[PDB]
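Overview (structure and organization)
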Amino acid sequence: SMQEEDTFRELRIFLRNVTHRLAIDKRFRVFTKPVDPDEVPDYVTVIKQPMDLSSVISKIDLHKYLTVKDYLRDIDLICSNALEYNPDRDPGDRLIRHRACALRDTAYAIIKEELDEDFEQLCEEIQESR
């Protein structure tokens, strides 16, 4: 219905705002764009489904997220990919891992504090009906 499309539009507005706040954080710059094959060549040997904040923005605008849970799966994918590609004790690895976990934690905390539980429940019920 029209009212359901208004609900998903509010979700998209909320998700763009959260994603923008993550994307301007200096700590998360490494997660703002896809990994350049020129820069690191072996990234696709390890990471089968790349995800980044620019791709998250594109998916919001393609109406790919109908619930915050769909969105958080892609945030979680950014994080789990980073931990997978940076498993070593080396400080470069440990820095990216720390930032990846901070990105995930920050996103979850913003959503816990700012997304109304009943709003998310509505999104899920509209989704479960299609």
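Looking at the method and resolution fields of the entry, one finds X-ray crystallography and 1.900 Å.

**Digging into the nonpolar core**
Ranked by size, the top nonpolar core spans 30 residues in total, and within it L15, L22, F31, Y71, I75 and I78 carry the most contacts. Elements with a contribution of two residues or more to this core: α1 (2-23), α3 (53-61), α4 (68-85), α5 (91-114) and α6 (117-128). If you tally residues by element for this core, the top one is α4, at eight residues. Leaving out residues up to four positions away in the same chain, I78 has contacts with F31, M51, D52, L53, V56 and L103.

**Some details on the side chain of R12**
Within the fold, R12 resides in helix α1. In this structure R12 is buried but unpaired, with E5 as the nearest side chain of opposite charge at 5.2 Å. Beyond its immediate stretch of four places on either side in the chain, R12 contacts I60 and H63.

**Details of the packing of aromatic side chains**
Using the criterion set out here, one finds two aromatic pairs in the structure. A ring pair is formed by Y43 and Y85, whose centres lie 4.8 Å apart and whose planes are at 70°; its orientation type is edge-to-face. Placement of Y43 in helix α2 (residues 43-46) and of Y85 in helix α4 is noted, with a sequence separation of 42 residues between them. In this structure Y85 comes out as partly exposed when scored by relative accessible area, which is 22%. Between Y65 and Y71, the aromatic rings sit 5.7 Å apart at their centres with planes inclined by 85°, giving edge-to-face as the arrangement. Both residues of the pair, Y65 and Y71, belong to the buried class.

**Observations regarding the environment of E124**
Residue position: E124 is located in helix α6. Judged by relative accessible area, which is 10%, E124 ranks as buried. Sequence separation between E124 and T67 is 57 residues, and the spatial gap between their C-alpha atoms is 5.9 Å. Setting aside anything within four residues of it in sequence, one finds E124 in contact with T67 and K69.

**Remarks on the packing of α1 against α5**
How two helices sit against one another is set out by the angle between their axes and by the gap between those axes. At a minimum axis distance of 11 Å, the contact between α1 and α5 shows a crossing angle of 140°. When you trace α1 past α5, the crossing you get is right-handed. Together, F14, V18, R21 and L22 of α1 and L103, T106, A107, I110, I111 and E114 of α5 make up the contact between the two elements. Per-class residue counts for the contact of α1 with α5 are seven nonpolar, one polar and two charged.

Conventions we followed
- Residues numbered from 1 in each chain as written, not as in the entry; some residues may be left out.
- Heavy atoms only, no water.
- Residues with missing side-chain atoms left out of burial classes, pairs and counts.
- Core = buried A, V, L, I, M, F, W, Y, C linked by side-chain atoms within 4.5 Å.
- Buried < 20%, exposed > 50% of the residue type's maximum accessible area, 1.4 Å probe, protein only.
- Helix = DSSP H or I, 4+ residues; strand = E, 2+ residues; numbered from the N terminus.
- Contact = heavy atoms within 4.5 Å.
- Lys, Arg positive; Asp, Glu negative; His and termini not counted.
- Salt bridge = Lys/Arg side-chain N within 4 Å of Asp/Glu carboxyl O.
- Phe/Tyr/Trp six-rings, centres within 6.5 Å; stacked < 30°, edge-to-face > 60°.
- Axes fitted to C-alpha atoms, helices over the stretch in contact; angles between N-to-C directions.
- Left-handed = near helix turned anticlockwise from the far one by under 90°.
- Nonpolar A, V, L, I, M, F, W, Y, C, P; charged D, E, K, R; others polar.

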